[PDB]
Amino acid sequence: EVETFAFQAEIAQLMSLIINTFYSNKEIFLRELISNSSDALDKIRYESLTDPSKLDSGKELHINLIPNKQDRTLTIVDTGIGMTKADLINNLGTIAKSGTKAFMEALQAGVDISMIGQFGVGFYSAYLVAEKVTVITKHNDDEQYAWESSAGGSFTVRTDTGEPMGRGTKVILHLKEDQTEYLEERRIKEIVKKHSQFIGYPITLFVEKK
Amino acid sequence: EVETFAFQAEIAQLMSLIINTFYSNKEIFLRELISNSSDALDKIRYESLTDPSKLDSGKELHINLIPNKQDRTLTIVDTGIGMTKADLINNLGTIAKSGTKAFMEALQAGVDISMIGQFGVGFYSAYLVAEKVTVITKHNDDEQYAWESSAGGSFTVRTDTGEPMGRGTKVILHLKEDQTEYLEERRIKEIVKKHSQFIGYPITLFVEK
Ligand SMILES: CCOc1ncc2c(n1)CCN(C(=O)c1cc(C(C)C)c(O)cc1O)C2
Ligand SMILES: CCOc1ncc2c(n1)CCN(C(=O)c1cc(C(C)C)c(O)cc1O)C2
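Residues numbered from 1 in each chain as written, not as in the entry; some residues may be left out. Chains lettered and ligands numbered in written order. Heavy atoms only, no water.

Looking at the sheet that holds strand β7 (residues 168-175) of chain B
Residue and element names in this part refer to chain B. Rules: By the convention used here, strands pair only if DSSP detects at least 2 bridges between them. Helix and strand labels come from DSSP, where a helix needs a run of H or I of at least four residues and a strand needs a run of E of at least two; each type is numbered from the N terminus. Fitting a line to C-alpha atoms yields each axis, with helices limited to the stretch in contact; the angle taken between N-to-C directions then spans 0 to 180 degrees.
Here we have eight strands laid out as an open sheet, ordered β1-β6-β5-β4-β7-β3-β2-β8, and mixed in their pairing. Both outer strands of the open sheet, β1 (3-6) and β8 (203-205), are each paired with one neighbouring strand and no more. Adjacent strand axes in the sheet meet at a mean angle of 15° when their direction is disregarded. As paired elements, strand β2 (residues 63-68) and strand β3 (residues 73-78) share six bridges and run antiparallel to each other. When the sheet's bridge partners are listed, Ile63 is paired in β3 with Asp78.

What follows is the structure, given as structure tokens:
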């Protein structure tokens, strides 16, 4: 059974902005996804400090980047805390964070789209390069879920039937036809090496089985 | 009343570096404290989307800067998720351990102190301008506490007796004698415009006199 939700009106607007504004520095999407992964990973390590059983679903804390030229997909996998169904639905579409209006405001007052992260809504920068985004997520308290959207004002949520994850969040970017550079080894390294924040977790870039 | 604790050795080490190294660009401390406040406010906002009862202790998500020239203090107050007693003593230091060590290594490879916030330990940049820092905090599940340190390798924690803050964290900088410029209204505005122009939450600069 697949459920369909409307994006909150301001979020639909943020997404349209992102998809339609001319902006050449698209590579910031990767930075924003890795920061989310970093926060999710901090969170599960933090909870494990007082309750070590939370790592029963997987004790390795890391980030994998997986390009697939055949599928034209770039996938980012982490083993952070993950999202329950309620987290998925509430944090990823149906409720506008105050940073959305604030961000869009800032754009009028002379900011760059690359600062989307300061406003807690960096995730939507994925649509700089992706025509469709699928998010698979597993939290300790819930079942494994699949979120999906090609924008257009709605997203769907279903129970995921694919390979279980143990715990964490996996972001599958279905790349636009002219954005395949982000499947190239040399390009991905370049963007990650440029990453401002010290990532306190191993980032492994997978090689394609060409 | 008051309990005294030893810093993690790497944090002690980082703190002596910050205090003893020659570095004129001290103003970056504000940017780092304002970044922490923003992160803290992200955390309670995130939690509140699924459990709105988390804002019972306070709906307003914002940051105050309060200079006091009588006391020679600069105070950064926010209404974020706040910190528990275990967070003050142990948890936060343990999470930041890998960044702390990584930062110190980076400095040896000739990087700049202003990069401190990139390694998740921007708070300790407070000791660029302060001889003593007092942190008052309130988390939803816990009581209100005072953390304190003048470096020298130790810190204290006590239950705070003062004004109940509801939820959040207040960082009181007791400024060095030669660092009073950061009490000046023009100077603070300048530094906020320069390094923190687009923060995701309102910031109110208090005026004096
Ligand atoms: C504010 C800190 O507290 C906190 N608690 C839980 C979580 C977070 N932060 C961050 C997000 N998160 C995830 O699972 C996650 C989500 C995204 C995109 C938004 C889809 C991503 O690209 C990678 C991820 O690991 C869970
Ligand atoms: C997920 C576990 O990691 C975690 N959880 C909660 C918090 C944090 N990290 C840091 C932020 N925070 C605060 O209270 C705070 C702290 C500082 C300085 C560090 C002293 C500051 O200058 C302003 C603040 O609001 C809350």
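Thoughts on the pairing of β3 of chain B
All names here are of chain B. To be explicit about the condition: Exposure categories follow from relative accessible area, calculated using a 1.4 Å probe and restricted to protein chains: below 20% of the type maximum is buried, above 50% is exposed, and the middle band is partly exposed.
Counting buried residues in β3 gives six out of six residues, a clear majority hidden from the surface. Burial along β3 is two-sided: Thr73, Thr75 and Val77 and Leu74, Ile76 and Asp78, pointing in opposite directions, are all buried. Hairpin connection between β2 and β3: a loop of four residues separates the two successive antiparallel strands, and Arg72 in this loop has a positive phi of roughly 55°. Where β3 meets β7, six bridges bridge the pair, whose relative direction is antiparallel. Note on β7: the bridge partner recorded for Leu74 is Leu173.

What to know about the environment of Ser38 of chain A
All names here are of chain A. Heads up, the rule is: Contact criterion: two residues are considered in contact whenever any of their non-hydrogen atoms come within 4.5 Å of each other.
When you line up the elements, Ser38 lands in helix α2 (residues 28-50). Accessibility expressed as a relative area gives 11% for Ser38, which makes it buried. A sequence separation of 171 residues divides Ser38 from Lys209, and the C-alpha atoms of the two residues are 27 Å apart. Ignoring any residue separated from it by four or fewer positions in sequence, one finds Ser38 in contact with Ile199 and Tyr201.

Some words on the site of ligand 2
Cut-off, in case you're wondering: A cutoff of 4 Å decides nearness: a residue is near a molecule or strand if any of its heavy atoms lies inside that distance of it. We call two N or O atoms a polar contact when they sit within 3.5 Å, provided that within protein one can donate a hydrogen and the other can accept it, with sequence-adjacent residues counted only if both atoms are side-chain atoms. Using a 1.4 Å probe, the Shrake-Rupley method yields the accessible areas, and only the shown protein chains count as cover for residues.
With respect to spatial proximity, 14 residues lie near ligand 2, and among them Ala40, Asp78, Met83, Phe123 and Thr169 of chain B are the closest. More than one chain reaches ligand 2: its neighbouring residues belong to chains A and B. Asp78 of chain B has a polar side-chain atom sitting 2.6 Å from an oxygen atom of ligand 2. Contact between ligand 2 and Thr169 of chain B: an oxygen atom at 2.7 Å from a side-chain N or O atom of the residue. Across the complex, the protein chains shield 86% of the 570 Å² of accessible surface that ligand 2 would expose by itself.

Points about the sheet that holds strand β5 (residues 145-149) of chain A
Residues and elements named next belong to chain A. In space, the eight strands of this open sheet follow the order β1-β6-β5-β4-β7-β3-β2-β8, with mixed pairing throughout. At either margin of the open sheet sits one strand with a lone partner, and together these are β1 (3-6) and β8 (203-205). Direction aside, neighbouring strands of the sheet carry axes that sit 15° apart on average. By the bridge criterion, six bridges tie strand β2 (residues 63-68) to strand β3 (residues 73-78) in an arrangement that is antiparallel. Along β3, the bridge assignment pairs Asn64 with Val77. Lying on the sheet, helix α5 (residues 185-193) is in contact with β2, β3 and β8; it crosses β8 at an angle near 165°.

Re the pattern of salt bridges
All names here are of chain A. Keep this limit in mind: A pairing counts as a salt bridge when a side-chain nitrogen of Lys or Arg comes within 4 Å of a carboxyl oxygen of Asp or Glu.
Under the criterion given, the structure shown has 27 salt bridges over all chains. Note that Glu32 is salt-bridged to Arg31, the shortest N-O span being 2.7 Å. Judged by relative accessible area, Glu32 falls into the buried class, the value being 7%. A residue is classified by how much of its surface remains accessible, and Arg31, at 27% relative accessible area, is partly exposed.

Quick word on the interface of chain A and chain B
Here is the rule we go by: Buried area is a sum: the accessible area each of two parts loses on coming together, probed at 1.4 Å, counted once for each and added. Each residue is assigned to one of three groups, with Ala, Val, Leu, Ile, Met, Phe, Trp, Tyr, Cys and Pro labelled nonpolar, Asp, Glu, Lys and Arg labelled charged, and all others, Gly among them, labelled polar.
Facing the 27 residues of chain A at the interface are 20 residues of chain B. Around 2,000 Å² of area is buried between chain A and chain B when both sides are counted, 56% of it from carbon and sulfur atoms. Of all residues in chain A, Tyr46, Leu49 and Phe198 of chain A bury the most surface against chain B, accounting for 26% of the area lost on that side. Put simply, chain A and chain B have one salt bridge between them. Of the charged contacts in the structure, one is a salt bridge between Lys43 of chain A and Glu47 of chain B, with a shortest N-O distance of 3.9 Å. Our enumeration of links across chain A and chain B arrives at 10 residue pairs in polar contact. Mapped onto the side of chain A that touches chain B, the elements with two or more residues apiece are α2, α3 (85-94) and α4 (98-108) of chain A. By residue number, the principal contributor to the side of chain A that touches chain B is α2 of chain A, which donates six residues. Its residues assigned to classes, the side of chain A that touches chain B shows 11 nonpolar, 11 polar and five charged.

Side note on the site of ligand 1
Near ligand 1 you find 13 residues, and of these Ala40, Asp78, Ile81, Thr169 and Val171 of chain A are the closest. Bordering ligand 1 are residues originating from chains A and B. Residue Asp78 of chain A places a side-chain N or O atom 2.5 Å away from an oxygen atom belonging to ligand 1. Notes on ligand 1: free accessible area 580 Å², of which the protein chains cover 88%. Where the shell around ligand 1 is concerned, the elements lending two or more residues are α2 and β7 (168-175) of chain A. The dominant element in the shell around ligand 1, judged by the number of residues it contributes, is α2 of chain A, at four residues.

Quick notes on the packing of aromatic side chains
Aromatic ring pairs: the centre-centre distance and the angle between the two ring planes describe each pair. Stated formally: Side-chain rings of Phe, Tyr and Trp (the six-membered ring for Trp) are treated as a pair once their centres are within 6.5 Å; stacked means planes under 30 degrees apart, edge-to-face means over 60, and tilted covers the remaining angles.
Under the definition given, this model contains 19 aromatic pairs over all chains. Taking 5.2 Å as the distance between ring centres and 15° as the angle between the ring planes, the aromatic pair formed by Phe5 of chain A and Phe155 of chain A counts as stacked. You can see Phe5 of chain A sitting in strand β1 and its partner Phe155 of chain A sitting in strand β6 (residues 154-159), a full 150 residues away along the chain. Since its relative accessible area comes to 18%, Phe5 of chain A is described here as buried. Here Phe155 of chain A falls in the buried class, since its relative accessible area comes to 0%. Measuring from ring centre to ring centre gives 4.9 Å for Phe7 of chain B and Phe155 of chain B, while their planes differ by 45°; the resulting arrangement is tilted. Placement of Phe7 of chain B in the loop between β1 and α1 (9-20) and of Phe155 of chain B in strand β6 (residues 154-159) is noted, with a sequence separation of 148 residues between them.

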